[PDB]
$ cat target.cif   # mmCIF, N, CA and C atoms and all ligand atoms
data_run
loop_
_atom_site.group_PDB
_atom_site.id
_atom_site.type_symbol
_atom_site.label_atom_id
_atom_site.label_comp_id
_atom_site.auth_asym_id
_atom_site.auth_seq_id
_atom_site.Cartn_x
_atom_site.Cartn_y
_atom_site.Cartn_z
ATOM 1 N N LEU A 1 45.467 131.436 85.522
ATOM 2 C CA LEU A 1 45.580 130.027 85.164
ATOM 3 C C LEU A 1 45.884 129.857 83.683
ATOM 4 N N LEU A 2 45.279 130.692 82.838
ATOM 5 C CA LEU A 2 45.397 130.506 81.397
ATOM 6 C C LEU A 2 46.855 130.548 80.955
ATOM 7 N N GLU A 3 47.613 131.527 81.450
ATOM 8 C CA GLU A 3 49.027 131.612 81.102
ATOM 9 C C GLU A 3 49.787 130.393 81.606
ATOM 10 N N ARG A 4 49.543 130.004 82.857
ATOM 11 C CA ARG A 4 50.246 128.863 83.430
ATOM 12 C C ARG A 4 49.866 127.567 82.726
ATOM 13 N N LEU A 5 48.583 127.400 82.397
ATOM 14 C CA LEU A 5 48.140 126.148 81.790
ATOM 15 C C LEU A 5 48.804 125.917 80.438
ATOM 16 N N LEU A 6 48.863 126.949 79.595
ATOM 17 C CA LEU A 6 49.461 126.778 78.275
ATOM 18 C C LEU A 6 50.953 126.490 78.376
ATOM 19 N N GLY A 7 51.642 127.132 79.319
ATOM 20 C CA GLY A 7 53.054 126.850 79.499
ATOM 21 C C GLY A 7 53.312 125.384 79.782
ATOM 22 N N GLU A 8 52.463 124.771 80.608
ATOM 23 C CA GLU A 8 52.557 123.333 80.825
ATOM 24 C C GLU A 8 52.233 122.566 79.549
ATOM 25 N N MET A 9 51.232 123.028 78.798
ATOM 26 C CA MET A 9 50.850 122.342 77.569
ATOM 27 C C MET A 9 51.986 122.350 76.553
ATOM 28 N N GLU A 10 52.630 123.503 76.364
ATOM 29 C CA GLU A 10 53.725 123.581 75.404
ATOM 30 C C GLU A 10 54.885 122.691 75.825
ATOM 31 N N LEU A 11 55.199 122.672 77.119
ATOM 32 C CA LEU A 11 56.288 121.833 77.602
ATOM 33 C C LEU A 11 56.007 120.362 77.325
ATOM 34 N N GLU A 12 54.759 119.933 77.518
ATOM 35 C CA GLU A 12 54.419 118.531 77.310
ATOM 36 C C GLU A 12 54.577 118.129 75.849
ATOM 37 N N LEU A 13 54.209 119.019 74.926
ATOM 38 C CA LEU A 13 54.152 118.641 73.517
ATOM 39 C C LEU A 13 55.522 118.229 72.995
ATOM 40 N N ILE A 14 56.566 118.981 73.343
ATOM 41 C CA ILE A 14 57.903 118.649 72.858
ATOM 42 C C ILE A 14 58.346 117.303 73.412
ATOM 43 N N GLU A 15 57.954 116.994 74.651
ATOM 44 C CA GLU A 15 58.272 115.689 75.215
ATOM 45 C C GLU A 15 57.657 114.577 74.377
ATOM 46 N N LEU A 16 56.417 114.774 73.929
ATOM 47 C CA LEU A 16 55.814 113.841 72.985
ATOM 48 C C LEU A 16 56.621 113.773 71.697
ATOM 49 N N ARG A 17 57.046 114.929 71.184
ATOM 50 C CA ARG A 17 57.826 114.949 69.953
ATOM 51 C C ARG A 17 59.121 114.167 70.116
ATOM 52 N N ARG A 18 59.804 114.350 71.248
ATOM 53 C CA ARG A 18 61.053 113.637 71.482
ATOM 54 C C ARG A 18 60.820 112.134 71.571
ATOM 55 N N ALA A 19 59.766 111.722 72.280
ATOM 56 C CA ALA A 19 59.525 110.298 72.483
ATOM 57 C C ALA A 19 59.245 109.590 71.164
ATOM 58 N N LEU A 20 58.421 110.198 70.307
ATOM 59 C CA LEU A 20 58.075 109.561 69.041
ATOM 60 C C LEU A 20 59.315 109.251 68.214
ATOM 61 N N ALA A 21 60.344 110.094 68.302
ATOM 62 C CA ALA A 21 61.566 109.843 67.544
ATOM 63 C C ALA A 21 62.204 108.523 67.953
ATOM 64 N N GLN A 22 62.233 108.237 69.256
ATOM 65 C CA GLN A 22 62.841 106.996 69.722
ATOM 66 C C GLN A 22 62.127 105.782 69.148
ATOM 67 N N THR A 23 60.808 105.870 68.977
ATOM 68 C CA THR A 23 60.072 104.788 68.336
ATOM 69 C C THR A 23 60.581 104.549 66.921
ATOM 70 N N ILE A 24 60.833 105.626 66.177
ATOM 71 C CA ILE A 24 61.299 105.487 64.801
ATOM 72 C C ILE A 24 62.650 104.787 64.767
ATOM 73 N N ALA A 25 63.507 105.066 65.751
ATOM 74 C CA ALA A 25 64.834 104.461 65.768
ATOM 75 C C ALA A 25 64.744 102.942 65.776
ATOM 76 N N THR A 26 63.934 102.387 66.679
ATOM 77 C CA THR A 26 63.784 100.938 66.744
ATOM 78 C C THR A 26 63.144 100.395 65.473
ATOM 79 N N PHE A 27 62.132 101.093 64.956
ATOM 80 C CA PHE A 27 61.493 100.663 63.717
ATOM 81 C C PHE A 27 62.503 100.576 62.581
ATOM 82 N N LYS A 28 63.403 101.556 62.486
ATOM 83 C CA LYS A 28 64.458 101.490 61.481
ATOM 84 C C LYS A 28 65.532 100.484 61.870
ATOM 85 N N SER A 29 65.887 100.432 63.156
ATOM 86 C CA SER A 29 66.986 99.575 63.590
ATOM 87 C C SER A 29 66.689 98.109 63.303
ATOM 88 N N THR A 30 65.498 97.643 63.683
ATOM 89 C CA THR A 30 65.148 96.248 63.444
ATOM 90 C C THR A 30 65.102 95.946 61.952
ATOM 91 N N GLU A 31 64.574 96.878 61.156
ATOM 92 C CA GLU A 31 64.512 96.667 59.715
ATOM 93 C C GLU A 31 65.905 96.474 59.135
ATOM 94 N N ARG A 32 66.864 97.297 59.565
ATOM 95 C CA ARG A 32 68.251 97.079 59.170
ATOM 96 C C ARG A 32 68.754 95.742 59.694
ATOM 97 N N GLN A 33 68.384 95.396 60.928
ATOM 98 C CA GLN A 33 68.772 94.105 61.486
ATOM 99 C C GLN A 33 68.172 92.962 60.681
ATOM 100 N N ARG A 34 66.928 93.126 60.225
ATOM 101 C CA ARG A 34 66.270 92.069 59.466
ATOM 102 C C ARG A 34 67.029 91.761 58.183
ATOM 103 N N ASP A 35 67.478 92.798 57.474
ATOM 104 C CA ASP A 35 68.175 92.582 56.210
ATOM 105 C C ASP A 35 69.445 91.768 56.408
ATOM 106 N N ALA A 36 70.089 91.900 57.568
ATOM 107 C CA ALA A 36 71.341 91.188 57.802
ATOM 108 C C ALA A 36 71.134 89.680 57.775
ATOM 109 N N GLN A 37 70.066 89.196 58.413
ATOM 110 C CA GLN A 37 69.862 87.755 58.525
ATOM 111 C C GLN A 37 69.658 87.116 57.157
ATOM 112 N N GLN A 38 68.774 87.692 56.340
ATOM 113 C CA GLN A 38 68.531 87.123 55.019
ATOM 114 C C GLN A 38 69.796 87.116 54.178
ATOM 115 N N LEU A 39 70.656 88.120 54.353
ATOM 116 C CA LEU A 39 71.925 88.130 53.638
ATOM 117 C C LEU A 39 72.762 86.912 54.005
ATOM 118 N N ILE A 40 72.781 86.551 55.290
ATOM 119 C CA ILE A 40 73.505 85.357 55.713
ATOM 120 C C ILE A 40 72.907 84.118 55.063
ATOM 121 N N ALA A 41 71.576 84.021 55.053
ATOM 122 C CA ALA A 41 70.928 82.883 54.412
ATOM 123 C C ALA A 41 71.284 82.818 52.934
ATOM 124 N N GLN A 42 71.380 83.977 52.283
ATOM 125 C CA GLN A 42 71.782 84.004 50.881
ATOM 126 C C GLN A 42 73.172 83.410 50.701
ATOM 127 N N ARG A 43 74.085 83.699 51.631
ATOM 128 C CA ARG A 43 75.436 83.155 51.536
ATOM 129 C C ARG A 43 75.408 81.632 51.521
ATOM 130 N N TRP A 44 74.646 81.029 52.434
ATOM 131 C CA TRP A 44 74.526 79.576 52.447
ATOM 132 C C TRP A 44 73.891 79.070 51.161
ATOM 133 N N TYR A 45 72.838 79.743 50.699
ATOM 134 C CA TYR A 45 72.206 79.351 49.445
ATOM 135 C C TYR A 45 73.183 79.478 48.285
ATOM 136 N N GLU A 46 73.918 80.590 48.232
ATOM 137 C CA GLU A 46 74.932 80.752 47.197
ATOM 138 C C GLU A 46 76.006 79.682 47.321
ATOM 139 N N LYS A 47 76.441 79.400 48.550
ATOM 140 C CA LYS A 47 77.411 78.332 48.761
ATOM 141 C C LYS A 47 76.837 76.989 48.337
ATOM 142 N N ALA A 48 75.577 76.727 48.686
ATOM 143 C CA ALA A 48 74.941 75.478 48.294
ATOM 144 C C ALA A 48 74.810 75.350 46.783
ATOM 145 N N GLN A 49 74.859 76.464 46.051
ATOM 146 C CA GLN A 49 74.736 76.394 44.599
ATOM 147 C C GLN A 49 75.864 75.568 43.996
ATOM 148 N N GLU B 1 117.444 72.785 97.568
ATOM 149 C CA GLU B 1 117.897 73.810 96.638
ATOM 150 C C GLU B 1 117.606 73.408 95.198
ATOM 151 N N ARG B 2 117.858 72.146 94.853
ATOM 152 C CA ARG B 2 117.543 71.678 93.508
ATOM 153 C C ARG B 2 116.048 71.763 93.239
ATOM 154 N N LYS B 3 115.231 71.402 94.228
ATOM 155 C CA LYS B 3 113.785 71.492 94.064
ATOM 156 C C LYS B 3 113.317 72.940 94.007
ATOM 157 N N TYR B 4 114.041 73.848 94.661
ATOM 158 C CA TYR B 4 113.628 75.247 94.689
ATOM 159 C C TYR B 4 113.573 75.838 93.286
ATOM 160 N N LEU B 5 114.607 75.591 92.481
ATOM 161 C CA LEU B 5 114.693 76.220 91.168
ATOM 162 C C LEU B 5 113.563 75.767 90.255
ATOM 163 N N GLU B 6 113.205 74.483 90.312
ATOM 164 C CA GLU B 6 112.196 73.957 89.404
ATOM 165 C C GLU B 6 110.861 74.673 89.556
ATOM 166 N N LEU B 7 110.619 75.300 90.707
ATOM 167 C CA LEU B 7 109.403 76.082 90.895
ATOM 168 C C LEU B 7 109.535 77.460 90.261
ATOM 169 N N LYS B 8 110.628 78.162 90.565
ATOM 170 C CA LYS B 8 110.804 79.517 90.063
ATOM 171 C C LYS B 8 110.874 79.536 88.543
ATOM 172 N N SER B 9 111.512 78.527 87.948
ATOM 173 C CA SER B 9 111.630 78.478 86.497
ATOM 174 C C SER B 9 110.275 78.407 85.811
ATOM 175 N N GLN B 10 109.226 78.015 86.533
ATOM 176 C CA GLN B 10 107.890 77.931 85.963
ATOM 177 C C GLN B 10 106.990 79.090 86.361
ATOM 178 N N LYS B 11 107.283 79.773 87.470
ATOM 179 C CA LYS B 11 106.373 80.811 87.940
ATOM 180 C C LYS B 11 106.223 81.917 86.907
ATOM 181 N N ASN B 12 107.334 82.346 86.304
ATOM 182 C CA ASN B 12 107.257 83.381 85.281
ATOM 183 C C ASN B 12 106.423 82.924 84.094
ATOM 184 N N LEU B 13 106.500 81.639 83.747
ATOM 185 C CA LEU B 13 105.726 81.133 82.622
ATOM 186 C C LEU B 13 104.229 81.226 82.893
ATOM 187 N N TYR B 14 103.798 80.862 84.102
ATOM 188 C CA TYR B 14 102.375 80.925 84.419
ATOM 189 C C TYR B 14 101.861 82.359 84.390
ATOM 190 N N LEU B 15 102.622 83.299 84.954
ATOM 191 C CA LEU B 15 102.174 84.688 84.973
ATOM 192 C C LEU B 15 101.953 85.211 83.561
ATOM 193 N N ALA B 16 102.844 84.860 82.634
ATOM 194 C CA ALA B 16 102.692 85.313 81.257
ATOM 195 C C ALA B 16 101.380 84.816 80.664
ATOM 196 N N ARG B 17 101.059 83.541 80.887
ATOM 197 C CA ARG B 17 99.794 83.006 80.398
ATOM 198 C C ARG B 17 98.618 83.725 81.041
ATOM 199 N N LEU B 18 98.712 83.990 82.344
ATOM 200 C CA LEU B 18 97.641 84.692 83.039
ATOM 201 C C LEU B 18 97.442 86.092 82.477
ATOM 202 N N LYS B 19 98.535 86.819 82.240
ATOM 203 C CA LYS B 19 98.415 88.159 81.677
ATOM 204 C C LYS B 19 97.864 88.114 80.258
ATOM 205 N N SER B 20 98.193 87.062 79.506
ATOM 206 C CA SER B 20 97.700 86.951 78.137
ATOM 207 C C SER B 20 96.186 86.784 78.109
ATOM 208 N N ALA B 21 95.663 85.866 78.923
ATOM 209 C CA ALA B 21 94.235 85.569 78.874
ATOM 210 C C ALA B 21 93.411 86.692 79.491
ATOM 211 N N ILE B 22 93.854 87.225 80.631
ATOM 212 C CA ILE B 22 93.108 88.300 81.281
ATOM 213 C C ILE B 22 92.944 89.476 80.329
ATOM 214 N N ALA B 23 94.022 89.851 79.638
ATOM 215 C CA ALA B 23 93.929 90.921 78.653
ATOM 216 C C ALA B 23 92.978 90.543 77.527
ATOM 217 N N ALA B 24 93.045 89.291 77.067
ATOM 218 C CA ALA B 24 92.179 88.856 75.976
ATOM 219 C C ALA B 24 90.712 89.021 76.344
ATOM 220 N N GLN B 25 90.353 88.679 77.582
ATOM 221 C CA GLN B 25 88.983 88.892 78.036
ATOM 222 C C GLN B 25 88.623 90.371 78.004
ATOM 223 N N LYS B 26 89.552 91.232 78.425
ATOM 224 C CA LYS B 26 89.287 92.666 78.424
ATOM 225 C C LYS B 26 89.056 93.181 77.010
ATOM 226 N N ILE B 27 89.846 92.700 76.051
ATOM 227 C CA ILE B 27 89.703 93.149 74.670
ATOM 228 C C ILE B 27 88.358 92.711 74.105
ATOM 229 N N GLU B 28 87.996 91.447 74.322
ATOM 230 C CA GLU B 28 86.836 90.887 73.638
ATOM 231 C C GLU B 28 85.550 91.590 74.051
ATOM 232 N N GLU B 29 85.390 91.881 75.343
ATOM 233 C CA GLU B 29 84.168 92.538 75.790
ATOM 234 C C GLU B 29 83.999 93.907 75.145
ATOM 235 N N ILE B 30 85.093 94.514 74.691
ATOM 236 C CA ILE B 30 85.049 95.806 74.017
ATOM 237 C C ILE B 30 84.996 95.575 72.512
ATOM 238 N N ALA B 31 84.700 94.339 72.105
ATOM 239 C CA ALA B 31 84.663 94.024 70.681
ATOM 240 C C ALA B 31 83.725 94.954 69.929
ATOM 241 N N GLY B 32 82.655 95.403 70.578
ATOM 242 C CA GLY B 32 81.717 96.297 69.932
ATOM 243 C C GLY B 32 81.130 95.687 68.678
ATOM 244 N N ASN B 33 80.696 94.434 68.775
ATOM 245 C CA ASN B 33 80.166 93.735 67.613
ATOM 246 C C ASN B 33 79.008 94.515 67.008
ATOM 247 N N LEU B 34 79.049 94.695 65.686
ATOM 248 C CA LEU B 34 78.000 95.453 65.011
ATOM 249 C C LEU B 34 76.672 94.701 65.027
ATOM 250 N N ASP B 35 76.716 93.368 65.100
ATOM 251 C CA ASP B 35 75.504 92.565 64.976
ATOM 252 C C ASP B 35 74.617 92.596 66.215
ATOM 253 N N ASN B 36 75.108 93.081 67.357
ATOM 254 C CA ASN B 36 74.315 92.997 68.581
ATOM 255 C C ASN B 36 72.999 93.750 68.441
ATOM 256 N N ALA B 37 73.063 95.002 67.993
ATOM 257 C CA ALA B 37 71.865 95.816 67.795
ATOM 258 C C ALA B 37 71.058 95.924 69.086
ATOM 259 N N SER B 38 71.766 96.027 70.212
ATOM 260 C CA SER B 38 71.130 96.096 71.518
ATOM 261 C C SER B 38 71.792 97.089 72.463
ATOM 262 N N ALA B 39 72.777 97.858 72.004
ATOM 263 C CA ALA B 39 73.576 98.801 72.782
ATOM 264 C C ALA B 39 74.627 98.077 73.617
ATOM 265 N N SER B 40 74.666 96.741 73.603
ATOM 266 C CA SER B 40 75.758 96.034 74.261
ATOM 267 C C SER B 40 77.088 96.370 73.601
ATOM 268 N N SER B 41 77.111 96.402 72.272
ATOM 269 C CA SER B 41 78.248 96.937 71.537
ATOM 270 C C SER B 41 78.123 98.453 71.483
ATOM 271 N N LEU B 42 79.142 99.151 71.977
ATOM 272 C CA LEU B 42 79.074 100.605 72.026
ATOM 273 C C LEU B 42 78.899 101.215 70.644
ATOM 274 N N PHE B 43 79.358 100.531 69.593
ATOM 275 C CA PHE B 43 79.192 101.054 68.241
ATOM 276 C C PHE B 43 77.720 101.118 67.855
ATOM 277 N N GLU B 44 76.990 100.020 68.055
ATOM 278 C CA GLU B 44 75.566 100.027 67.741
ATOM 279 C C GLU B 44 74.810 101.011 68.620
ATOM 280 N N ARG B 45 75.275 101.223 69.852
ATOM 281 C CA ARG B 45 74.681 102.264 70.681
ATOM 282 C C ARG B 45 74.852 103.628 70.030
ATOM 283 N N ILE B 46 76.030 103.883 69.456
ATOM 284 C CA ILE B 46 76.242 105.119 68.710
ATOM 285 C C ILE B 46 75.295 105.186 67.520
ATOM 286 N N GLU B 47 75.156 104.078 66.791
ATOM 287 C CA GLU B 47 74.289 104.072 65.618
ATOM 288 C C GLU B 47 72.859 104.431 65.997
ATOM 289 N N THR B 48 72.372 103.900 67.118
ATOM 290 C CA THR B 48 71.050 104.285 67.597
ATOM 291 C C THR B 48 70.994 105.778 67.888
ATOM 292 N N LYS B 49 72.065 106.323 68.467
ATOM 293 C CA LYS B 49 72.104 107.754 68.748
ATOM 294 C C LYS B 49 71.996 108.569 67.465
HETATM 295 N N1 LIG A 101 76.826 85.095 64.407
HETATM 296 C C1 LIG A 101 76.817 86.012 65.403
HETATM 297 N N2 LIG A 101 77.929 86.270 66.125
HETATM 298 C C2 LIG A 101 77.947 87.177 67.120
HETATM 299 N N3 LIG A 101 76.865 87.894 67.473
HETATM 300 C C3 LIG A 101 75.681 87.741 66.833
HETATM 301 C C4 LIG A 101 75.588 86.765 65.739
HETATM 302 N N4 LIG A 101 74.320 86.817 65.292
HETATM 303 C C5 LIG A 101 73.658 87.741 66.035
HETATM 304 N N5 LIG A 101 74.472 88.282 66.967
HETATM 305 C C6 LIG A 101 74.164 89.338 67.971
HETATM 306 O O1 LIG A 101 74.528 88.931 69.299
HETATM 307 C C7 LIG A 101 73.765 89.720 70.215
HETATM 308 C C8 LIG A 101 73.579 89.095 71.592
HETATM 309 O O2 LIG A 101 72.572 89.869 72.246
HETATM 310 P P1 LIG A 101 72.863 90.758 73.557
HETATM 311 O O3 LIG A 101 72.599 89.923 74.787
HETATM 312 O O4 LIG A 101 72.158 92.081 73.390
HETATM 313 O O5 LIG A 101 74.447 91.041 73.441
HETATM 314 P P2 LIG A 101 75.490 90.539 74.566
HETATM 315 O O6 LIG A 101 75.817 89.121 74.162
HETATM 316 O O7 LIG A 101 76.647 91.501 74.434
HETATM 317 O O8 LIG A 101 74.713 90.648 75.857
HETATM 318 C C9 LIG A 101 72.426 89.933 69.525
HETATM 319 O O9 LIG A 101 71.895 91.233 69.794
HETATM 320 C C10 LIG A 101 72.694 89.742 68.045
HETATM 321 O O10 LIG A 101 72.459 90.951 67.316
#

$ encode --input "target.cif" --output "structure tokens"
Amino acid sequence: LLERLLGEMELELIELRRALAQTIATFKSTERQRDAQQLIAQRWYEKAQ
Amino acid sequence: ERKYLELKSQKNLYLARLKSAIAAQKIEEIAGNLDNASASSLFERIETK
């Protein structure tokens, strides 16, 4: 069992590693998306100047 | 016979308009707008990748 159990454990860990990366993508993606909106608002403010 | 021609002289005109708009719809959906940030635009899907 010991050999088989660890093999399953190692396989699971990389799956966790892969999944966490996808979380970072959205965290970065929305942040980049957020900057876009304020830039548009700046254009109107600059135009309103 | 006189009435016959007045139809044919217009049929080619309608087809041209139909081909113009149908193609335009095909182009626009592939616009790949950068602002979507949802994978609807294939470009932003690449950026997520
Ligand atoms: N001024 C704009 N013009 C066009 N698209 C915009 C504008 N502002 C925001 N968007 C984008 O339009 C997208 C529409 O969302 P979504 O439903 O995912 O795309 P689709 O319309 O292709 O289904 C949003 O994700 C957003 O990023």

$ resolve_selection --input "target.cif" --expression "the PyMOL selection byres ((chain A and not hetatm) within 8 of (chain B))" --output "ChimeraX atom specification"
/A:25-26,29-30,33

$ axis_aligned_box --input "target.cif" --around "range 18-22 of chain A" --padding-each-side "4 Å" --output "AutoDock Vina command-line options"
--center_x 60.5 --center_y 110.1 --center_z 70.0 --size_x 12.8 --size_y 16.6 --size_z 12.9

$ resolve_selection --input "target.cif" --expression "the PyMOL selection byres (((chain B and resi 32) around 6.5) and not hetatm)" --output "list in words"
residues 28, 29, 30, 31, 33, 34, 35, 40, 41, 42, 43 and 44 of chain B

$ atom_distance --input "target.cif" --atom1 "atom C4 of ligand LIG 101 (chain A)" --atom2 "CA of residue 40 in chain A"
10.3 Å

$ atom_distance --input "target.cif" --atom1 "CA of residue 36 in chain A" --atom2 "atom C7 of ligand LIG 101 (chain A)"
12.7 Å

$ select_by_dssp --input "target.cif" --residues "chain B" --states "helix (DSSP H, G or I)" --output "MDAnalysis selection string"
chainID B and resid 2:29 42:48

$ atom_distance --input "target.cif" --atom1 "CA of residue 35 in chain A" --atom2 "atom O10 of ligand LIG 101 (chain A)"
12.0 Å

$ closest_residue --input "target.cif" --among "B:27, B:46, B:15, B:39" --to "ligand LIG 101 (chain A)" --atoms "all atoms listed in the file"
B:39
